[PDB]
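Heads up, query-v9.pdb below (PDB, C-alpha atoms):
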ATOM      1  CA  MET A   1     -11.987 -49.108  17.308
ATOM      2  CA  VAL A   2     -11.965 -46.314  14.677
ATOM      3  CA  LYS A   3     -11.930 -46.076  10.852
ATOM      4  CA  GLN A   4     -10.254 -43.470   8.627
ATOM      5  CA  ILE A   5     -12.616 -42.361   5.828
ATOM      6  CA  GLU A   6     -10.780 -41.732   2.526
ATOM      7  CA  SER A   7     -13.881 -40.733   0.530
ATOM      8  CA  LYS A   8     -17.685 -41.070   0.417
ATOM      9  CA  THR A   9     -17.434 -44.682  -0.798
ATOM     10  CA  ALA A  10     -16.031 -45.903   2.537
ATOM     11  CA  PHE A  11     -18.403 -43.550   4.394
ATOM     12  CA  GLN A  12     -21.461 -45.410   3.045
ATOM     13  CA  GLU A  13     -20.037 -48.911   3.591
ATOM     14  CA  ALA A  14     -19.109 -47.731   7.105
ATOM     15  CA  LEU A  15     -22.751 -46.985   7.978
ATOM     16  CA  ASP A  16     -23.599 -50.371   6.428
ATOM     17  CA  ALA A  17     -21.271 -52.325   8.742
ATOM     18  CA  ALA A  18     -22.549 -50.258  11.696
ATOM     19  CA  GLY A  19     -26.003 -51.880  11.377
ATOM     20  CA  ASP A  20     -28.304 -49.869  13.696
ATOM     21  CA  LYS A  21     -25.934 -48.925  16.540
ATOM     22  CA  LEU A  22     -24.966 -45.279  17.174
ATOM     23  CA  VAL A  23     -22.244 -43.925  14.835
ATOM     24  CA  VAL A  24     -20.353 -40.738  15.753
ATOM     25  CA  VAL A  25     -17.854 -39.069  13.379
ATOM     26  CA  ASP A  26     -14.775 -36.859  13.966
ATOM     27  CA  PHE A  27     -13.988 -34.169  11.353
ATOM     28  CA  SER A  28     -10.522 -32.756  12.214
ATOM     29  CA  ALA A  29      -7.621 -31.272  10.200
ATOM     30  CA  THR A  30      -4.199 -32.973  10.016
ATOM     31  CA  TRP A  31      -2.477 -30.049   8.255
ATOM     32  CA  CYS A  32      -3.669 -28.047  11.294
ATOM     33  CA  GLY A  33      -1.965 -28.252  14.723
ATOM     34  CA  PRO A  34      -4.518 -27.274  17.406
ATOM     35  CA  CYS A  35      -7.315 -29.059  15.490
ATOM     36  CA  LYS A  36      -5.026 -32.135  15.740
ATOM     37  CA  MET A  37      -4.214 -32.181  19.478
ATOM     38  CA  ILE A  38      -7.881 -33.144  20.103
ATOM     39  CA  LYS A  39      -7.562 -36.527  18.325
ATOM     40  CA  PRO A  40      -6.220 -38.469  21.389
ATOM     41  CA  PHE A  41      -9.537 -37.576  23.075
ATOM     42  CA  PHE A  42     -12.022 -38.676  20.396
ATOM     43  CA  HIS A  43      -9.946 -41.749  19.449
ATOM     44  CA  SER A  44      -9.742 -42.540  23.191
ATOM     45  CA  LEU A  45     -13.538 -43.033  23.327
ATOM     46  CA  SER A  46     -12.965 -45.896  20.869
ATOM     47  CA  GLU A  47     -11.646 -48.152  23.679
ATOM     48  CA  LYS A  48     -13.831 -46.609  26.426
ATOM     49  CA  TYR A  49     -17.113 -47.200  24.519
ATOM     50  CA  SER A  50     -16.676 -50.413  22.494
ATOM     51  CA  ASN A  51     -20.493 -50.291  22.149
ATOM     52  CA  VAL A  52     -20.287 -47.235  19.844
ATOM     53  CA  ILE A  53     -18.860 -46.885  16.299
ATOM     54  CA  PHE A  54     -16.388 -43.950  15.934
ATOM     55  CA  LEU A  55     -15.200 -42.726  12.488
ATOM     56  CA  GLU A  56     -12.356 -40.320  11.576
ATOM     57  CA  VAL A  57     -12.693 -38.047   8.505
ATOM     58  CA  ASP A  58     -10.010 -35.609   7.255
ATOM     59  CA  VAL A  59     -11.254 -32.392   5.605
ATOM     60  CA  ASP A  60      -8.062 -32.576   3.453
ATOM     61  CA  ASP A  61      -7.943 -36.245   2.353
ATOM     62  CA  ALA A  62     -11.756 -36.716   2.479
ATOM     63  CA  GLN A  63     -12.807 -33.178   1.487
ATOM     64  CA  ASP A  64     -15.450 -35.036  -0.560
ATOM     65  CA  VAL A  65     -17.358 -36.103   2.573
ATOM     66  CA  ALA A  66     -16.725 -32.791   4.368
ATOM     67  CA  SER A  67     -18.470 -30.925   1.526
ATOM     68  CA  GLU A  68     -21.546 -33.130   2.067
ATOM     69  CA  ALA A  69     -22.113 -32.003   5.672
ATOM     70  CA  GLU A  70     -20.536 -28.658   4.704
ATOM     71  CA  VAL A  71     -18.067 -28.532   7.627
ATOM     72  CA  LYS A  72     -16.797 -24.905   7.763
ATOM     73  CA  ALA A  73     -15.543 -25.091  11.370
ATOM     74  CA  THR A  74     -13.216 -27.880  12.597
ATOM     75  CA  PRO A  75     -13.088 -29.861  14.705
ATOM     76  CA  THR A  76     -16.735 -31.025  14.377
ATOM     77  CA  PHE A  77     -18.666 -34.144  15.507
ATOM     78  CA  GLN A  78     -21.819 -35.662  13.931
ATOM     79  CA  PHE A  79     -24.246 -38.281  15.345
ATOM     80  CA  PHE A  80     -25.473 -40.750  12.673
ATOM     81  CA  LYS A  81     -27.818 -43.723  13.227
ATOM     82  CA  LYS A  82     -29.287 -46.264  10.765
ATOM     83  CA  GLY A  83     -27.720 -43.911   8.193
ATOM     84  CA  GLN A  84     -29.766 -40.910   9.427
ATOM     85  CA  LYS A  85     -28.362 -37.757  11.058
ATOM     86  CA  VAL A  86     -30.006 -37.363  14.508
ATOM     87  CA  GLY A  87     -27.629 -34.868  16.164
ATOM     88  CA  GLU A  88     -24.492 -32.798  15.471
ATOM     89  CA  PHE A  89     -22.458 -29.842  16.790
ATOM     90  CA  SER A  90     -19.164 -27.938  16.232
ATOM     91  CA  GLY A  91     -16.715 -26.735  18.913
ATOM     92  CA  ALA A  92     -13.315 -27.673  20.384
ATOM     93  CA  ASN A  93     -15.103 -28.803  23.589
ATOM     94  CA  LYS A  94     -13.889 -32.417  23.842
ATOM     95  CA  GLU A  95     -15.489 -32.561  27.318
ATOM     96  CA  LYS A  96     -18.877 -31.808  25.712
ATOM     97  CA  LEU A  97     -18.642 -35.132  23.839
ATOM     98  CA  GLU A  98     -19.366 -36.838  27.182
ATOM     99  CA  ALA A  99     -22.673 -35.076  27.927
ATOM    100  CA  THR A 100     -23.455 -35.373  24.197
ATOM    101  CA  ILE A 101     -22.937 -39.160  24.052
ATOM    102  CA  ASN A 102     -25.357 -39.497  26.991
ATOM    103  CA  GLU A 103     -27.784 -37.498  24.832
ATOM    104  CA  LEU A 104     -28.606 -40.112  22.152
ATOM    105  CA  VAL A 105     -27.175 -43.062  24.120
TER     106      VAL A 105
END
Taking this structure as input, can you express it in the form of structure tokens?
Amino acid sequence: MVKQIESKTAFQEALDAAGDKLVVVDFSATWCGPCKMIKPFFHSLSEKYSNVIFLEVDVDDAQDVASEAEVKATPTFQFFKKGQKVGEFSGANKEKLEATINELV
């Protein structure tokens, strides 16, 4: 499914429960409108790819984790694995997520 990150504490334990499988992340903005209409797409992958771990960070409630990756352009997606960043990109191209997932699949 998905997991809402409230701070960096849950972010670390999240990568711990992931183990070694892929772990994508979704940095959106609730206070924002357009950067919010793209959540039914990312969260939809949760049930389409039960073999992948999807997270959900809020640059307003979890601004602590957003400052780590320095996200200055939402929405943004990051590819983490074994707790190591291996890929990432920013852009409201929800369709790109498909070709991207087949990148580090």
I'd like the contact shell of residue 87 in chain A - 10 Å cut-off, all atoms listed in the file, skipping same-chain residues fewer than 4 positions apart - returned as an mmCIF file with C-alpha atoms, in the coordinates of the input.
data_model
loop_
_atom_site.group_PDB
_atom_site.id
_atom_site.type_symbol
_atom_site.label_atom_id
_atom_site.label_comp_id
_atom_site.auth_asym_id
_atom_site.auth_seq_id
_atom_site.Cartn_x
_atom_site.Cartn_y
_atom_site.Cartn_z
ATOM 1 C CA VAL A 24 -20.353 -40.738 15.753
ATOM 2 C CA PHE A 77 -18.666 -34.144 15.507
ATOM 3 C CA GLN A 78 -21.819 -35.662 13.931
ATOM 4 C CA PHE A 79 -24.246 -38.281 15.345
ATOM 5 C CA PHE A 80 -25.473 -40.750 12.673
ATOM 6 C CA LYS A 81 -27.818 -43.723 13.227
ATOM 7 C CA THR A 100 -23.455 -35.373 24.197
ATOM 8 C CA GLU A 103 -27.784 -37.498 24.832
ATOM 9 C CA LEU A 104 -28.606 -40.112 22.152
#
Do you have, as a tab-separated table, the list of residues of range 22-78 of chain A lying at most 12 Å from range 11-14 of chain A, each with its nearest atom pair and that distance in Å to one decimal, counting only C-alpha atoms and ordered by chain then number?
residue	atom	partner	partner_atom	distance
A:22	CA	A:14	CA	11.9
A:23	CA	A:14	CA	9.2
A:24	CA	A:14	CA	11.2
A:25	CA	A:11	CA	10.1
A:53	CA	A:14	CA	9.2
A:54	CA	A:14	CA	10.0
A:55	CA	A:14	CA	8.3
A:56	CA	A:11	CA	9.9
A:57	CA	A:11	CA	8.9
A:58	CA	A:11	CA	11.9
A:62	CA	A:11	CA	9.7
A:64	CA	A:11	CA	10.3
A:65	CA	A:11	CA	7.7
A:66	CA	A:11	CA	10.9
A:68	CA	A:11	CA	11.1
Matched chain/residue IDs from the PyMOL selection byres ((chain A and resi 93-96) around 8), as a list in words: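 With the shown file as input, the PyMOL selection byres ((chain A and resi 93-96) around 8) matches residues 38, 41, 42, 91, 92, 97, 98, 99 and 100 of chain A.
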Quick one: everything within 12 Å of residue 70 in chain A, counting all atoms listed in the file, minus sequence neighbours fewer than 6 positions away in the same chain. Send it as a PyMOL selection string. chain A and resi 27+59+63-64+76+78+90
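Closest approach to residue 3 in chain A from the set A:37, A:105, A:32, A:18 is made by A:18, with distances taken over only C-alpha atoms.
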What are the centre and edge lengths in Å, to one decimal, of the axis-aligned box around all listed atoms of range 62-73 of chain A with 4 Å added on each side, as lines of an AutoDock Vina configuration file?
center_x = -16.9
center_y = -30.8
center_z = 5.4
size_x = 18.4
size_y = 19.8
size_z = 19.9
Written as a ChimeraX atom specification, which residues does the PyMOL selection byres ((chain A and resi 48-51) around 9) give for the file shown? /A:1,21-22,44-47,52-53
Extract, using only C-alpha atoms, all DNA, RNA and protein residues at most 9 Å from residue 19 in chain A, discarding same-chain residues fewer than 4 positions from it, and format them as an NGL selection string. :A and (15 or 81-83)
Taking (-4.9, -37.6, 7.1) in the file's coordinates, which residues come within 7 Å, counting all atoms listed in the file, written as a PyMOL selection string? chain A and resi 30+58+60-61
In Å, how far is it from CA of residue 2 in chain A to CA of residue 73 in chain A? 21.8 Å
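Checking A:101, A:17, A:35, A:5 one by one against residue 75 in chain A, counting only C-alpha atoms, you find the shortest gap at A:35.
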What does the distance between CA of residue 8 in chain A and CA of residue 39 in chain A come to in Å, to one decimal place?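 That distance, rounded to one decimal, is 21.1 Å.
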For CA of residue 4 in chain A and CA of residue 33 in chain A, determine how far apart the two atoms are, in Å to one decimal place. 18.4 Å
